[PDB]
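> Input structure: coords_4.tsv, which contains TSV, N, CA and C atoms.
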```
chain	number	residue	atom	x	y	z
A	1	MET	N	34.31	18.80	-17.64
A	1	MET	CA	32.89	18.80	-17.20
A	1	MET	C	32.72	18.03	-15.90
A	2	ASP	N	32.90	18.71	-14.78
A	2	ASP	CA	32.76	18.09	-13.47
A	2	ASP	C	31.35	17.53	-13.28
A	3	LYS	N	31.04	17.12	-12.05
A	3	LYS	CA	29.73	16.57	-11.73
A	3	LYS	C	29.40	15.39	-12.64
A	4	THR	N	30.44	14.73	-13.14
A	4	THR	CA	30.25	13.58	-14.02
A	4	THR	C	29.42	12.50	-13.34
A	5	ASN	N	29.88	12.06	-12.17
A	5	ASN	CA	29.18	11.03	-11.41
A	5	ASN	C	27.69	11.36	-11.27
A	6	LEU	N	27.39	12.65	-11.15
A	6	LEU	CA	26.01	13.10	-11.02
A	6	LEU	C	25.31	13.08	-12.36
A	7	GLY	N	25.72	13.98	-13.25
A	7	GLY	CA	25.13	14.05	-14.57
A	7	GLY	C	25.08	12.72	-15.29
A	8	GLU	N	25.89	11.77	-14.83
A	8	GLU	CA	25.93	10.45	-15.45
A	8	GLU	C	25.00	9.47	-14.73
A	9	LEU	N	24.74	9.71	-13.45
A	9	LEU	CA	23.87	8.83	-12.68
A	9	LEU	C	22.48	9.43	-12.54
A	10	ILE	N	22.36	10.74	-12.76
A	10	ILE	CA	21.08	11.41	-12.63
A	10	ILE	C	20.35	11.53	-13.96
A	11	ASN	N	21.09	11.80	-15.03
A	11	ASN	CA	20.48	11.93	-16.36
A	11	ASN	C	19.42	10.87	-16.56
A	12	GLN	N	19.80	9.66	-16.21
A	12	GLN	CA	18.92	8.50	-16.31
A	12	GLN	C	17.94	8.46	-15.14
A	13	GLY	N	18.40	8.91	-13.97
A	13	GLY	CA	17.56	8.91	-12.79
A	13	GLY	C	16.23	9.60	-13.01
A	14	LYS	N	16.27	10.92	-13.21
A	14	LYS	CA	15.05	11.69	-13.43
A	14	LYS	C	14.34	11.22	-14.70
A	15	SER	N	15.08	10.54	-15.58
A	15	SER	CA	14.51	10.03	-16.82
A	15	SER	C	13.86	8.67	-16.59
A	16	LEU	N	14.28	7.99	-15.53
A	16	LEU	CA	13.74	6.69	-15.19
A	16	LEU	C	12.39	6.88	-14.52
A	17	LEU	N	12.42	7.58	-13.38
A	17	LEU	CA	11.21	7.86	-12.62
A	17	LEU	C	10.17	8.56	-13.51
A	18	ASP	N	10.65	9.35	-14.47
A	18	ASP	CA	9.76	10.06	-15.38
A	18	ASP	C	9.38	9.20	-16.58
A	19	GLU	N	9.95	8.00	-16.65
A	19	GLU	CA	9.65	7.06	-17.72
A	19	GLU	C	8.80	5.96	-17.16
A	20	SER	N	9.15	5.58	-15.93
A	20	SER	CA	8.46	4.56	-15.21
A	20	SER	C	7.17	5.11	-14.66
A	21	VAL	N	6.36	4.20	-14.20
A	21	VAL	CA	5.08	4.53	-13.61
A	21	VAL	C	4.63	3.44	-12.66
A	22	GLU	N	4.07	3.84	-11.54
A	22	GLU	CA	3.60	2.87	-10.56
A	22	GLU	C	2.25	2.29	-11.01
A	23	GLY	N	2.26	1.03	-11.41
A	23	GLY	CA	1.03	0.38	-11.85
A	23	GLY	C	0.79	-0.93	-11.14
A	24	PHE	N	1.26	-2.02	-11.73
A	24	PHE	CA	1.09	-3.35	-11.14
A	24	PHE	C	1.47	-4.45	-12.13
A	25	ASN	N	2.55	-4.22	-12.88
A	25	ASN	CA	3.01	-5.20	-13.86
A	25	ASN	C	4.25	-4.70	-14.60
A	26	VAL	N	4.79	-5.54	-15.48
A	26	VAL	CA	5.98	-5.18	-16.25
A	26	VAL	C	5.81	-3.81	-16.90
A	27	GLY	N	6.74	-2.91	-16.60
A	27	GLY	CA	6.67	-1.57	-17.15
A	27	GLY	C	6.13	-0.56	-16.15
A	28	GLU	N	5.62	-1.06	-15.02
A	28	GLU	CA	5.08	-0.22	-13.98
A	28	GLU	C	5.28	-0.88	-12.63
A	29	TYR	N	5.76	-0.10	-11.67
A	29	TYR	CA	6.01	-0.64	-10.34
A	29	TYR	C	4.80	-0.45	-9.43
A	30	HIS	N	4.86	-0.99	-8.23
A	30	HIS	CA	3.74	-0.88	-7.30
A	30	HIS	C	3.70	0.49	-6.62
A	31	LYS	N	4.64	0.72	-5.70
A	31	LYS	CA	4.69	1.99	-4.98
A	31	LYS	C	5.99	2.10	-4.18
A	32	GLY	N	6.36	3.33	-3.85
A	32	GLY	CA	7.57	3.55	-3.09
A	32	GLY	C	8.82	3.63	-3.96
A	33	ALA	N	8.64	3.47	-5.27
A	33	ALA	CA	9.77	3.53	-6.20
A	33	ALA	C	10.07	4.97	-6.62
A	34	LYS	N	9.05	5.68	-7.07
A	34	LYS	CA	9.19	7.07	-7.50
A	34	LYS	C	10.03	7.90	-6.53
A	35	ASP	N	10.10	7.47	-5.27
A	35	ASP	CA	10.87	8.21	-4.27
A	35	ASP	C	12.35	7.87	-4.32
A	36	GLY	N	12.72	6.65	-3.92
A	36	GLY	CA	14.11	6.24	-3.93
A	36	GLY	C	14.90	6.83	-5.08
A	37	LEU	N	14.67	6.30	-6.28
A	37	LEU	CA	15.35	6.78	-7.47
A	37	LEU	C	15.34	8.31	-7.58
A	38	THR	N	14.38	8.97	-6.92
A	38	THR	CA	14.32	10.43	-6.96
A	38	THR	C	15.06	10.99	-5.75
A	39	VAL	N	14.94	10.30	-4.62
A	39	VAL	CA	15.61	10.70	-3.40
A	39	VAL	C	17.09	10.86	-3.67
A	40	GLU	N	17.60	9.99	-4.52
A	40	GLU	CA	18.99	10.04	-4.93
A	40	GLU	C	19.18	11.27	-5.81
A	41	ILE	N	18.13	11.59	-6.58
A	41	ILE	CA	18.13	12.75	-7.46
A	41	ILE	C	18.03	14.03	-6.64
A	42	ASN	N	16.98	14.12	-5.81
A	42	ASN	CA	16.81	15.29	-4.95
A	42	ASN	C	18.14	15.59	-4.26
A	43	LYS	N	18.84	14.52	-3.91
A	43	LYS	CA	20.13	14.62	-3.24
A	43	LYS	C	21.28	14.73	-4.26
A	44	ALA	N	21.09	14.16	-5.45
A	44	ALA	CA	22.13	14.19	-6.49
A	44	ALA	C	22.11	15.49	-7.27
A	45	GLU	N	20.97	15.79	-7.90
A	45	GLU	CA	20.83	17.01	-8.69
A	45	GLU	C	21.31	18.22	-7.90
A	46	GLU	N	20.98	18.24	-6.61
A	46	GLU	CA	21.41	19.33	-5.75
A	46	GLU	C	22.93	19.41	-5.75
A	47	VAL	N	23.57	18.29	-6.08
A	47	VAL	CA	25.02	18.20	-6.15
A	47	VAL	C	25.47	18.41	-7.59
A	48	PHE	N	24.77	17.77	-8.52
A	48	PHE	CA	25.09	17.88	-9.94
A	48	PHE	C	25.33	19.34	-10.31
A	49	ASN	N	24.46	20.21	-9.81
A	49	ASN	CA	24.58	21.64	-10.09
A	49	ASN	C	25.16	22.39	-8.90
A	50	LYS	N	25.65	21.66	-7.90
A	50	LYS	CA	26.23	22.29	-6.71
A	50	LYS	C	27.63	22.83	-6.98
A	51	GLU	N	28.05	23.80	-6.16
A	51	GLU	CA	29.38	24.40	-6.29
A	51	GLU	C	30.39	23.58	-5.52
A	52	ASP	N	30.00	23.11	-4.34
A	52	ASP	CA	30.89	22.28	-3.56
A	52	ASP	C	30.77	20.83	-4.01
A	53	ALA	N	30.17	20.64	-5.18
A	53	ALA	CA	30.03	19.31	-5.75
A	53	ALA	C	31.36	18.88	-6.32
A	54	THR	N	32.39	19.13	-5.52
A	54	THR	CA	33.75	18.81	-5.87
A	54	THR	C	34.08	17.37	-5.49
A	55	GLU	N	35.11	17.21	-4.72
A	55	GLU	CA	35.54	15.89	-4.28
A	55	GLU	C	34.78	15.44	-3.03
A	56	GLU	N	34.02	16.35	-2.43
A	56	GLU	CA	33.27	16.03	-1.22
A	56	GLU	C	31.80	15.67	-1.49
A	57	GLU	N	31.13	16.46	-2.32
A	57	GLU	CA	29.70	16.25	-2.58
A	57	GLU	C	29.41	15.22	-3.68
A	58	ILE	N	30.21	15.18	-4.73
A	58	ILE	CA	29.97	14.23	-5.83
A	58	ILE	C	29.84	12.81	-5.31
A	59	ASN	N	30.93	12.29	-4.76
A	59	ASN	CA	30.94	10.93	-4.22
A	59	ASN	C	29.86	10.79	-3.16
A	60	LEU	N	29.59	11.90	-2.48
A	60	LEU	CA	28.57	11.93	-1.44
A	60	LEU	C	27.18	11.87	-2.05
A	61	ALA	N	27.04	12.38	-3.27
A	61	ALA	CA	25.76	12.39	-3.96
A	61	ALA	C	25.61	11.19	-4.91
A	62	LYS	N	26.74	10.62	-5.32
A	62	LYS	CA	26.73	9.48	-6.22
A	62	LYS	C	26.37	8.20	-5.48
A	63	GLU	N	26.62	8.18	-4.17
A	63	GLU	CA	26.34	7.02	-3.34
A	63	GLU	C	24.96	6.43	-3.63
A	64	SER	N	23.92	7.22	-3.38
A	64	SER	CA	22.55	6.77	-3.61
A	64	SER	C	22.22	6.79	-5.10
A	65	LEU	N	23.04	7.47	-5.89
A	65	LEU	CA	22.81	7.54	-7.32
A	65	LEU	C	23.17	6.23	-7.98
A	66	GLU	N	24.16	5.56	-7.42
A	66	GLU	CA	24.61	4.28	-7.95
A	66	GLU	C	23.89	3.11	-7.27
A	67	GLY	N	23.16	3.41	-6.20
A	67	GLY	CA	22.45	2.36	-5.48
A	67	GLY	C	20.94	2.56	-5.47
A	68	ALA	N	20.49	3.76	-5.82
A	68	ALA	CA	19.06	4.05	-5.84
A	68	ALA	C	18.45	3.72	-7.20
A	69	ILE	N	19.17	4.04	-8.28
A	69	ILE	CA	18.68	3.74	-9.61
A	69	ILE	C	18.65	2.24	-9.78
A	70	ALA	N	19.72	1.61	-9.32
A	70	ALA	CA	19.84	0.16	-9.40
A	70	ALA	C	18.66	-0.51	-8.72
A	71	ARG	N	18.04	0.20	-7.79
A	71	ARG	CA	16.89	-0.31	-7.07
A	71	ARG	C	15.62	-0.14	-7.90
A	72	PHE	N	15.29	1.11	-8.22
A	72	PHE	CA	14.11	1.41	-9.01
A	72	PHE	C	14.10	0.66	-10.34
A	73	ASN	N	15.27	0.46	-10.92
A	73	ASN	CA	15.37	-0.25	-12.20
A	73	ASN	C	14.58	-1.54	-12.15
A	74	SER	N	14.59	-2.18	-10.99
A	74	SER	CA	13.87	-3.43	-10.79
A	74	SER	C	12.63	-3.22	-9.92
A	75	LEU	N	12.03	-2.03	-10.01
A	75	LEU	CA	10.83	-1.72	-9.23
A	75	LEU	C	9.57	-1.91	-10.07
A	76	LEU	N	9.68	-1.60	-11.36
A	76	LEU	CA	8.56	-1.73	-12.30
A	76	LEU	C	8.32	-3.18	-12.67
A	77	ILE	N	8.22	-4.04	-11.67
A	77	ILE	CA	8.03	-5.47	-11.91
A	77	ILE	C	9.05	-5.91	-12.93
A	78	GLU	N	10.31	-5.82	-12.53
A	78	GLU	CA	11.44	-6.17	-13.38
A	78	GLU	C	10.98	-6.96	-14.58
A	79	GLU	N	11.29	-6.43	-15.75
A	79	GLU	CA	10.92	-7.04	-17.02
A	79	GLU	C	11.01	-8.57	-16.98
A	80	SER	N	11.82	-9.10	-16.07
A	80	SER	CA	11.96	-10.55	-15.94
A	80	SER	C	11.97	-11.01	-14.48
A	81	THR	N	11.22	-10.32	-13.60
A	81	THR	CA	11.18	-10.72	-12.19
A	81	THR	C	10.27	-11.92	-11.98
A	82	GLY	N	9.47	-12.26	-12.99
A	82	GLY	CA	8.57	-13.39	-12.87
A	82	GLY	C	9.25	-14.62	-12.28
A	83	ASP	N	10.53	-14.79	-12.59
A	83	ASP	CA	11.29	-15.93	-12.09
A	83	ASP	C	11.63	-15.74	-10.61
A	84	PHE	N	10.64	-15.97	-9.76
A	84	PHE	CA	10.82	-15.83	-8.31
A	84	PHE	C	11.76	-16.90	-7.77
A	85	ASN	N	11.48	-18.15	-8.11
A	85	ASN	CA	12.31	-19.26	-7.66
A	85	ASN	C	13.74	-19.13	-8.17
A	86	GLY	N	13.92	-18.31	-9.21
A	86	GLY	CA	15.24	-18.12	-9.78
A	86	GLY	C	15.63	-19.24	-10.72
A	87	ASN	N	14.79	-20.26	-10.82
A	87	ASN	CA	15.06	-21.40	-11.70
A	87	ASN	C	14.22	-21.33	-12.97
A	88	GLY	N	13.08	-20.64	-12.89
A	88	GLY	CA	12.20	-20.52	-14.04
A	88	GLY	C	10.85	-21.14	-13.80
A	89	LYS	N	10.04	-20.51	-12.96
A	89	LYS	CA	8.71	-21.01	-12.65
A	89	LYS	C	7.81	-19.90	-12.12
A	90	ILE	N	6.74	-19.61	-12.84
A	90	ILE	CA	5.80	-18.56	-12.43
A	90	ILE	C	4.40	-19.12	-12.26
A	91	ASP	N	4.12	-19.65	-11.07
A	91	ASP	CA	2.81	-20.22	-10.77
A	91	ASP	C	2.67	-20.47	-9.27
A	92	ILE	N	3.72	-20.99	-8.66
A	92	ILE	CA	3.71	-21.26	-7.24
A	92	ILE	C	4.53	-20.23	-6.47
A	93	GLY	N	5.47	-19.59	-7.17
A	93	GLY	CA	6.30	-18.58	-6.54
A	93	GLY	C	5.48	-17.52	-5.82
A	94	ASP	N	4.21	-17.41	-6.17
A	94	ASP	CA	3.33	-16.43	-5.54
A	94	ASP	C	2.73	-17.00	-4.26
A	95	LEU	N	2.44	-18.29	-4.28
A	95	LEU	CA	1.86	-18.96	-3.12
A	95	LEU	C	2.86	-19.91	-2.46
A	96	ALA	N	4.15	-19.59	-2.57
A	96	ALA	CA	5.18	-20.43	-1.98
A	96	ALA	C	6.52	-19.70	-1.85
A	97	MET	N	6.87	-18.92	-2.86
A	97	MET	CA	8.14	-18.19	-2.84
A	97	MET	C	7.99	-16.80	-2.23
A	98	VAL	N	7.39	-15.88	-2.98
A	98	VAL	CA	7.21	-14.51	-2.52
A	98	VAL	C	6.36	-14.43	-1.25
A	99	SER	N	5.10	-14.84	-1.34
A	99	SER	CA	4.21	-14.76	-0.18
A	99	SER	C	4.80	-15.42	1.06
A	100	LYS	N	5.86	-16.20	0.89
A	100	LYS	CA	6.48	-16.89	2.01
A	100	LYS	C	7.06	-15.92	3.03
A	101	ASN	N	8.04	-15.13	2.62
A	101	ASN	CA	8.67	-14.19	3.52
A	101	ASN	C	7.80	-12.95	3.70
A	102	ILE	N	7.33	-12.39	2.59
A	102	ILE	CA	6.50	-11.19	2.61
A	102	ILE	C	7.00	-10.18	3.63
A	103	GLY	N	7.72	-9.19	3.14
A	103	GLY	CA	8.25	-8.15	3.99
A	103	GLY	C	9.68	-8.41	4.44
A	104	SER	N	10.38	-9.28	3.72
A	104	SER	CA	11.76	-9.60	4.05
A	104	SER	C	12.73	-8.86	3.15
A	105	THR	N	13.70	-8.19	3.76
A	105	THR	CA	14.70	-7.43	3.01
A	105	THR	C	15.97	-8.25	2.80
A	106	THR	N	15.83	-9.57	2.88
A	106	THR	CA	16.96	-10.47	2.69
A	106	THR	C	16.80	-11.28	1.41
A	107	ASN	N	15.55	-11.57	1.06
A	107	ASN	CA	15.25	-12.33	-0.15
A	107	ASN	C	14.64	-11.43	-1.22
A	108	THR	N	15.43	-10.47	-1.69
A	108	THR	CA	14.98	-9.54	-2.71
A	108	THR	C	15.15	-10.13	-4.11
A	109	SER	N	15.68	-11.34	-4.18
A	109	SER	CA	15.91	-12.01	-5.45
A	109	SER	C	14.61	-12.26	-6.21
A	110	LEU	N	13.47	-12.15	-5.53
A	110	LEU	CA	12.19	-12.39	-6.20
A	110	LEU	C	11.12	-11.37	-5.82
A	111	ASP	N	11.50	-10.09	-5.74
A	111	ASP	CA	10.56	-9.05	-5.43
A	111	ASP	C	10.36	-8.21	-6.68
A	112	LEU	N	9.22	-8.38	-7.34
A	112	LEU	CA	8.93	-7.64	-8.57
A	112	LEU	C	9.40	-6.20	-8.46
A	113	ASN	N	9.42	-5.70	-7.24
A	113	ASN	CA	9.84	-4.35	-6.95
A	113	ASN	C	11.29	-4.31	-6.50
A	114	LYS	N	11.67	-5.30	-5.70
A	114	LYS	CA	13.02	-5.38	-5.15
A	114	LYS	C	13.19	-4.30	-4.10
A	115	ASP	N	12.09	-3.98	-3.41
A	115	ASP	CA	12.11	-2.96	-2.38
A	115	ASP	C	12.67	-3.52	-1.08
A	116	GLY	N	13.04	-4.81	-1.08
A	116	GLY	CA	13.57	-5.42	0.12
A	116	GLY	C	12.48	-5.82	1.08
A	117	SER	N	11.37	-6.30	0.52
A	117	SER	CA	10.23	-6.73	1.32
A	117	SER	C	9.16	-7.31	0.43
A	118	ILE	N	8.97	-8.62	0.52
A	118	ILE	CA	7.96	-9.25	-0.28
A	118	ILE	C	6.60	-8.77	0.16
A	119	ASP	N	6.04	-7.93	-0.66
A	119	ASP	CA	4.74	-7.34	-0.38
A	119	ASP	C	3.85	-7.35	-1.61
A	120	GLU	N	2.88	-6.44	-1.63
A	120	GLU	CA	1.94	-6.34	-2.75
A	120	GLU	C	2.67	-6.11	-4.07
A	121	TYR	N	3.68	-5.25	-4.03
A	121	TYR	CA	4.47	-4.93	-5.22
A	121	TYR	C	4.97	-6.20	-5.90
A	122	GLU	N	5.18	-7.25	-5.11
A	122	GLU	CA	5.69	-8.52	-5.63
A	122	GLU	C	4.58	-9.50	-6.00
A	123	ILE	N	3.35	-9.22	-5.58
A	123	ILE	CA	2.23	-10.10	-5.89
A	123	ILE	C	1.47	-9.63	-7.13
A	124	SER	N	1.54	-8.33	-7.40
A	124	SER	CA	0.86	-7.72	-8.54
A	124	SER	C	0.98	-8.56	-9.81
A	125	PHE	N	2.21	-8.78	-10.26
A	125	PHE	CA	2.45	-9.55	-11.49
A	125	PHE	C	1.82	-10.94	-11.42
A	126	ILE	N	2.43	-11.83	-10.65
A	126	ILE	CA	1.94	-13.21	-10.52
A	126	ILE	C	0.41	-13.24	-10.39
A	127	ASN	N	-0.12	-12.47	-9.44
A	127	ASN	CA	-1.57	-12.42	-9.22
A	127	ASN	C	-2.32	-12.33	-10.54
A	128	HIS	N	-1.74	-11.62	-11.50
A	128	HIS	CA	-2.35	-11.46	-12.82
A	128	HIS	C	-1.85	-12.53	-13.78
A	129	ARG	N	-0.54	-12.70	-13.84
A	129	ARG	CA	0.07	-13.69	-14.73
A	129	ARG	C	-0.54	-15.08	-14.50
A	130	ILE	N	-0.82	-15.39	-13.24
A	130	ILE	CA	-1.40	-16.67	-12.88
A	130	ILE	C	-2.74	-16.88	-13.59
A	131	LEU	N	-3.66	-15.94	-13.37
A	131	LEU	CA	-4.99	-16.02	-13.98
A	131	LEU	C	-4.88	-15.99	-15.50
A	132	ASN	N	-4.36	-14.90	-16.04
A	132	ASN	CA	-4.20	-14.75	-17.48
A	132	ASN	C	-2.91	-15.41	-17.97
A	133	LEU	N	-2.78	-16.70	-17.69
A	133	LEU	CA	-1.59	-17.45	-18.10
A	133	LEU	C	-1.87	-18.26	-19.36
A	134	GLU	N	-3.11	-18.71	-19.51
A	134	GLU	CA	-3.51	-19.50	-20.67
A	134	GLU	C	-5.02	-19.60	-20.76
A	135	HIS	N	-5.51	-20.11	-21.89
A	135	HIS	CA	-6.94	-20.26	-22.11
A	135	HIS	C	-7.24	-21.52	-22.92
A	136	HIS	N	-6.53	-22.59	-22.61
A	136	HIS	CA	-6.72	-23.86	-23.31
A	136	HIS	C	-7.14	-24.96	-22.34
A	137	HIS	N	-6.40	-25.08	-21.24
A	137	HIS	CA	-6.71	-26.09	-20.23
A	137	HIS	C	-5.88	-25.86	-18.97
A	138	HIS	N	-4.57	-25.99	-19.10
A	138	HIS	CA	-3.67	-25.80	-17.96
A	138	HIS	C	-2.21	-25.79	-18.42
A	139	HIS	N	-1.29	-25.71	-17.46
A	139	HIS	CA	0.13	-25.70	-17.76
A	139	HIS	C	0.50	-24.49	-18.62
A	140	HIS	N	1.74	-24.04	-18.50
A	140	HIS	CA	2.22	-22.90	-19.26
A	140	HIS	C	2.27	-23.22	-20.76
```
Starting from the file, lay out its structure as structure tokens.

Amino acid sequence: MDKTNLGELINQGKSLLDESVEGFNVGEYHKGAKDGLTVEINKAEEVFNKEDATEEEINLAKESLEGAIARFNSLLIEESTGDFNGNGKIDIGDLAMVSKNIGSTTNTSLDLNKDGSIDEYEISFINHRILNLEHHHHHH
């Protein structure tokens, strides 16, 4: 069963984008995700079922398949992206960590989306988590 790299990287691909949704919190990404993970598909599926999807197209189509899904996977406000500082703190990372670079493709370690640019996609969660963090007095 050829097209392994494809059928193995795409099966989940079209199932990810079709499972995920652009929203603004855990389980939903901001925007620009539905494309990447699909762009790899549009380019992969065309290979998955391609005839020349031999030794030339597979690896050629798996490239973005192994790097595009890995991206979108952390686009839906990574189930645990809240840890912007990377040490375990969700309160200032929005007004000190993420908002700091905003639009930087070097510090993707704390981008709810991981689109390589601290933008709205990365503020969505905190912006909400901050407000609806507690209802007693303060502190987590």
> Atom C of residue 81 (chain A) to atom N of residue 21 (chain A): how many Å, to one decimal?
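One can read the atom C of residue 81 (chain A) to atom N of residue 21 (chain A) distance as 16.7 Å.
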> Enumerate as a VMD selection string all residues of region 7-126 of chain A assigned to helix (DSSP H, G or I) by DSSP on the backbone, naming them with the chain letters and numbers the document uses.
chain A and resid 7 to 10 13 to 17 33 to 48 58 to 72 93 to 101 108 to 110 120 to 126
> If the box runs along x, y and z of the file and leaves 6 Å on each side of region 55-66 of chain A, what are its centre and edge lengths in Å, one decimal, as JSON?

```
{"center_x": 28.9, "center_y": 10.2, "center_z": -4.6, "size_x": 25.3, "size_y": 26.1, "size_z": 18.8}
```
> Which residue, A:40, A:2, A:97, A:87, has the smallest gap to residue 53 (chain A) when you use all atoms listed in the file?
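Nearest candidate to residue 53 (chain A) out of A:40, A:2, A:97, A:87: A:2.
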> Among chain A, which ones does DSSP assign to strand (DSSP E or B) (computed from the backbone)? Answer as a list in words.
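Selecting the strand (DSSP E or B) positions of chain A gives residues 22, 25, 28 and 29 of chain A.
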> Just want the 8 Å neighbourhood of residue 35 (chain A), counted on only N, CA and C atoms, with same-chain residues fewer than 6 positions away dropped. Output as a list in words.
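These residues fall inside the cut-off: residues 17, 41, 42 and 68 of chain A.
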> Save the residues we just selected, N, CA and C atoms, as a compact mmCIF listing (two decimals), in the coordinates of the input?

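File out-v4.txt, as written:
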```
# COMPACT_ATOMS: atom_id res chain seq x y z
N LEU A 17 12.42 7.58 -13.38
CA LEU A 17 11.21 7.86 -12.62
C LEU A 17 10.17 8.56 -13.51
N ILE A 41 18.13 11.59 -6.58
CA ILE A 41 18.13 12.75 -7.46
C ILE A 41 18.03 14.03 -6.64
N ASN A 42 16.98 14.12 -5.81
CA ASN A 42 16.81 15.29 -4.95
C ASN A 42 18.14 15.59 -4.26
N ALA A 68 20.49 3.76 -5.82
CA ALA A 68 19.06 4.05 -5.84
C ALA A 68 18.45 3.72 -7.20
```
> My list of candidates is A:123, A:91, A:84, A:6. Which is closest to residue 59 (chain A) when distances are computed with only C-alpha atoms?
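Of A:123, A:91, A:84, A:6, the one nearest residue 59 (chain A) is A:6, counting only C-alpha atoms.
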> Can I get the residues of region 3-75 of chain A within 7 Å of region 115-119 of chain A, each with the closest pair of atoms and their distance in Å to one decimal, using all atoms listed in the file, sorted chain first then ascending number, as a Markdown table?

```
| residue | atom | partner | partner_atom | distance |
| --- | --- | --- | --- | --- |
| A:71 | C | A:115 | N | 6.9 |
| A:74 | C | A:115 | N | 6.6 |
| A:75 | CA | A:115 | N | 6.4 |
```
> Using Å and a single decimal, report how far atom N of residue 25 (chain A) sits from atom N of residue 89 (chain A).
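About the pair atom N of residue 89 (chain A) and atom N of residue 25 (chain A): they are 17.9 Å apart.
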> I'd like to know which of A:94, A:45, A:111, A:51 is closest to residue 77 (chain A), using all atoms listed in the file.
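Smallest distance to residue 77 (chain A) is found for A:111.
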> Using all atoms listed in the file, which of the listed residues (A:76, A:1, A:58, A:102) sits closest to residue 23 (chain A)?
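Nearest candidate to residue 23 (chain A) out of A:76, A:1, A:58, A:102: A:76.
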> From the list A:28, A:52, A:66, A:19, which residue is nearest residue 7 (chain A) when using only C-alpha atoms?
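Looking only at the distances to residue 7 (chain A), the closest residue turns out to be A:66.
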> Could you give me region 95-106 of chain A completed to N, CA, C and O atoms, formatted as a PDB file, keeping the file's coordinate frame?

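Now in selection_27.pdb:
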```
ATOM      1  N   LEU A  95       2.440 -18.290  -4.280  1.00  0.00           N
ATOM      2  CA  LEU A  95       1.860 -18.960  -3.120  1.00  0.00           C
ATOM      3  C   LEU A  95       2.860 -19.910  -2.460  1.00  0.00           C
ATOM      4  O   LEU A  95       2.468 -20.905  -1.859  1.00  0.00           O
ATOM      5  N   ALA A  96       4.150 -19.590  -2.570  1.00  0.00           N
ATOM      6  CA  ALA A  96       5.180 -20.430  -1.980  1.00  0.00           C
ATOM      7  C   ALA A  96       6.520 -19.700  -1.850  1.00  0.00           C
ATOM      8  O   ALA A  96       7.217 -19.849  -0.850  1.00  0.00           O
ATOM      9  N   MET A  97       6.870 -18.920  -2.860  1.00  0.00           N
ATOM     10  CA  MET A  97       8.140 -18.190  -2.840  1.00  0.00           C
ATOM     11  C   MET A  97       7.990 -16.800  -2.230  1.00  0.00           C
ATOM     12  O   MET A  97       8.435 -16.561  -1.103  1.00  0.00           O
ATOM     13  N   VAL A  98       7.390 -15.880  -2.980  1.00  0.00           N
ATOM     14  CA  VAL A  98       7.210 -14.510  -2.520  1.00  0.00           C
ATOM     15  C   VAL A  98       6.360 -14.430  -1.250  1.00  0.00           C
ATOM     16  O   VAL A  98       6.834 -13.973  -0.216  1.00  0.00           O
ATOM     17  N   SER A  99       5.100 -14.840  -1.340  1.00  0.00           N
ATOM     18  CA  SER A  99       4.210 -14.760  -0.180  1.00  0.00           C
ATOM     19  C   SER A  99       4.800 -15.420   1.060  1.00  0.00           C
ATOM     20  O   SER A  99       4.284 -15.235   2.167  1.00  0.00           O
ATOM     21  N   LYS A 100       5.860 -16.200   0.890  1.00  0.00           N
ATOM     22  CA  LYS A 100       6.480 -16.890   2.010  1.00  0.00           C
ATOM     23  C   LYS A 100       7.060 -15.920   3.030  1.00  0.00           C
ATOM     24  O   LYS A 100       6.643 -15.906   4.189  1.00  0.00           O
ATOM     25  N   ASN A 101       8.040 -15.130   2.620  1.00  0.00           N
ATOM     26  CA  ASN A 101       8.670 -14.190   3.520  1.00  0.00           C
ATOM     27  C   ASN A 101       7.800 -12.950   3.700  1.00  0.00           C
ATOM     28  O   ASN A 101       7.580 -12.501   4.825  1.00  0.00           O
ATOM     29  N   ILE A 102       7.330 -12.390   2.590  1.00  0.00           N
ATOM     30  CA  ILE A 102       6.500 -11.190   2.610  1.00  0.00           C
ATOM     31  C   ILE A 102       7.000 -10.180   3.630  1.00  0.00           C
ATOM     32  O   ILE A 102       6.722 -10.287   4.825  1.00  0.00           O
ATOM     33  N   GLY A 103       7.720  -9.190   3.140  1.00  0.00           N
ATOM     34  CA  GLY A 103       8.250  -8.150   3.990  1.00  0.00           C
ATOM     35  C   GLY A 103       9.680  -8.410   4.440  1.00  0.00           C
ATOM     36  O   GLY A 103      10.136  -7.836   5.429  1.00  0.00           O
ATOM     37  N   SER A 104      10.380  -9.280   3.720  1.00  0.00           N
ATOM     38  CA  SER A 104      11.760  -9.600   4.050  1.00  0.00           C
ATOM     39  C   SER A 104      12.730  -8.860   3.150  1.00  0.00           C
ATOM     40  O   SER A 104      12.606  -8.886   1.925  1.00  0.00           O
ATOM     41  N   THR A 105      13.700  -8.190   3.760  1.00  0.00           N
ATOM     42  CA  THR A 105      14.700  -7.430   3.010  1.00  0.00           C
ATOM     43  C   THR A 105      15.970  -8.250   2.800  1.00  0.00           C
ATOM     44  O   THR A 105      17.043  -7.705   2.563  1.00  0.00           O
ATOM     45  N   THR A 106      15.830  -9.570   2.880  1.00  0.00           N
ATOM     46  CA  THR A 106      16.960 -10.470   2.690  1.00  0.00           C
ATOM     47  C   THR A 106      16.800 -11.280   1.410  1.00  0.00           C
ATOM     48  O   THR A 106      17.779 -11.623   0.748  1.00  0.00           O
TER      49      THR A 106
END
```
